[PDB]
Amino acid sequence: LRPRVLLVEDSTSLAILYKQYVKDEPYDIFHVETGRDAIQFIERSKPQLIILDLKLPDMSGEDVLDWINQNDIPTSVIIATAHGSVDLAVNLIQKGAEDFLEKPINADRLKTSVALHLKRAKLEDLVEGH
């Protein structure tokens, strides 16, 4: 019934701020610090949307996106990163990312993007389900 949002950030101080932003939003937000904990959350809990940082201490952010495409998880990925270029954004969106937010992110930049891509995914879900 209620949507799950995963937040994948090594900087776990910025994660609570991102939780503060979406505090009064109608979904649950969960936070992980490493790429392997993200993957394990995806395989178990199966969240509706991921807010994915590109810089992680164990692997790339791209590597998490690659895992979703390989195991066919129905999970929207928005990237949120520092030091992102035009070429990197393009190549990630092509790889199946649904947005690429650039740090620093506004309260309502993240809030809008999460809500929008949650909507598209929800609308496409409820036509193939009974």
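Quick note: we count residues from 1 along the sequence shown, nothing fancier.
- According to the PDB record, 101-109 carries the higher mean C-alpha B-factor of the two stretches 101-109 and 29-37.
- With 113-121 and 6-14 compared on mean CA B-factor from the PDB entry, the stretch scoring higher is 6-14.
- Remark: of 58, 72, 66, 53, 72 shows the highest value [criterion: C-alpha B-factor in the PDB entry].
- Among 82, 78, 90, 42, the highest C-alpha B-factor in the deposited entry belongs to 82.
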